[PDB]
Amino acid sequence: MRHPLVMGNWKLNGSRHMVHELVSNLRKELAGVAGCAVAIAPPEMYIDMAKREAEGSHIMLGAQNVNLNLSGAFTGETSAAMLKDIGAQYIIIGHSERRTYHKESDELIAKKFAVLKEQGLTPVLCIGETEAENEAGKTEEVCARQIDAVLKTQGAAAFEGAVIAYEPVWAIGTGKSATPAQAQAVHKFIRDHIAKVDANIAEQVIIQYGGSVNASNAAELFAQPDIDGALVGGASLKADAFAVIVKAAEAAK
């Protein structure tokens, strides 16, 4: 019942040159797809130009973060109002890397949520466990923790039209790997958590896999009922690769 979404996070990578090369390439590779929803999240500076570049395709636009103010004296902050204005739709928050580089709290993240919701943007919420928590067997403790930041204080409805991304931080950059069984298992947990509160809203959340996805796994990945897609990293930088993650989703779900 849930249409797949594949989002490619460029992180801190881009130029105009690249903006051009890659949007052009994505367009071409991506021709024919239909069964999959596709968004990209460049650096802030490049969103506008990227929109131009993508014009005439189905590639949607997103962003890697926001701050809490809509306008005002907040030098250097990022406004959701301005993201709306820019044409960005899908806003990454709580990306593991900000939680860690930037020390963003659940509360903070949860505030970030409220706001996007308020403007009518789509928040991609990023959650998941450290190497230690994982090892300690604390997946669900954490996950739920990370979700209740919203649910508790905003309600199940906050989740309507929302997206969740599971980052297995512990698999990432650690010579650890997650299987498909593992993720689907965490995915169910996530869905089920929200279901204990609001089942209908639960059915309709997009739970993307935020771990490492490649061609040897995309398909076995998208075959899990609770995995609605992927929040793609480094591969969102190579058109061809990207597009295969994509057609696997289309093919699969």
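All residue numbers are counted from 1 along the displayed sequence.
**Student:** Between 176-184 and 161-169, name whichever shows the higher mean Cα B factor according to the PDB entry.
**Tutor:** The recorded data point to 176-184.
**Student:** Highest mean C-alpha temperature factor of the two stretches 32-40 and 201-209, which is it?
**Tutor:** According to the entry, 32-40 carries the higher average C-alpha B-factor.
**Student:** Comparing recorded Cα B-factors across 140, 131, 77, 107, which one is largest?
**Tutor:** Spelled out: the listed residue with the top C-alpha B-factor is 107.
**Student:** In terms of recorded Cα temperature factor, pick the maximum from 67, 224, 217, 57.
**Tutor:** Each of 67, 224, 217, 57 was compared by C-alpha B-factor; the highest is 224.
**Student:** Ranking the modelled residues of this chain by C-alpha B-factor as given in the entry, is residue 81 in the lowest, middle or highest third?
**Tutor:** Within its chain, residue 81 is a lowest-third residue by C-alpha B-factor, going by the deposited values.
**Student:** Can you tell me whether residue 52 has a C-alpha B-factor in the lowest, middle or highest third compared with the other modelled residues of the same chain?
**Tutor:** Answer is highest: the recorded C-alpha B-factor places it there.
**Student:** Could you place residue 117 in the lowest, middle or highest third of its chain by Cα temperature factor, using the values in the record?
**Tutor:** According to the entry, residue 117 has a C-alpha B-factor in the chain's lowest third.
**Student:** Would you check the entry's CA temperature factor for residue 153 and let me know if it's in the chain's lowest, middle or highest third?
**Tutor:** Residue 153: CA B-factor falls in the highest third of its chain.
**Student:** Comparing against every modelled residue in the chain, figure out the third that the C-alpha B-factor of residue 98 lands in (lowest, middle or highest).
**Tutor:** It belongs to the highest third of the chain when residues are ordered by C-alpha B-factor.
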